[PDB]
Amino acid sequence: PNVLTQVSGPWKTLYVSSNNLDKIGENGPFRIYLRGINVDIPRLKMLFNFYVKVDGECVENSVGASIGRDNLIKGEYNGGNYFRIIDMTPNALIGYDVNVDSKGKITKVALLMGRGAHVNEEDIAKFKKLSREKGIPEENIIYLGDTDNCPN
């Protein structure tokens, strides 16, 4: 699956959206600042490396996930996650997560992640498009590109 091969490496979070504003808001567990992704293609495993602000404090994460059939990435972090890469350019990355907590609540999360700068404005459209498709309100879109004050 072309996309899954090429994704390994550094990433920066540009935009996130969610059906649940609390989740990606200040102190939300999905206010995620990506650092990088590692694909272990033989072992069918992925590693997401990123920071969340936890009580104003930068906390590094390294979350393991498995690549299943039809490329659904599943991994534990703040509950169960069912993750998919929607699209990849060499500059960009669009992800869609479905999160489920212990009480079974469902949080949809869309992410635009960048490789560096000079971000394709067209990419933004594809992102908002996706966000719309998955029933996320346009007001629930947040730009994180300029608040990444965590290490590295």
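Note that residue numbering begins at 1 and tracks the sequence as displayed.
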Worksheet item: Quick one: higher average CA temperature factor, 109-117 or 80-88?
Response: 109-117
Worksheet, complete the sentence: Stretch with higher mean Cα temperature factor, 124-132 vs 8-16, is 124-132
Fill in: Top residue by Cα temperature factor, when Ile94, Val54, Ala65, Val98 are compared in the entry
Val54
Worksheet item: When the modelled residues of the chain are sorted by Cα temperature factor, does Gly145 land in the lowest, middle or highest third?
Response: lowest
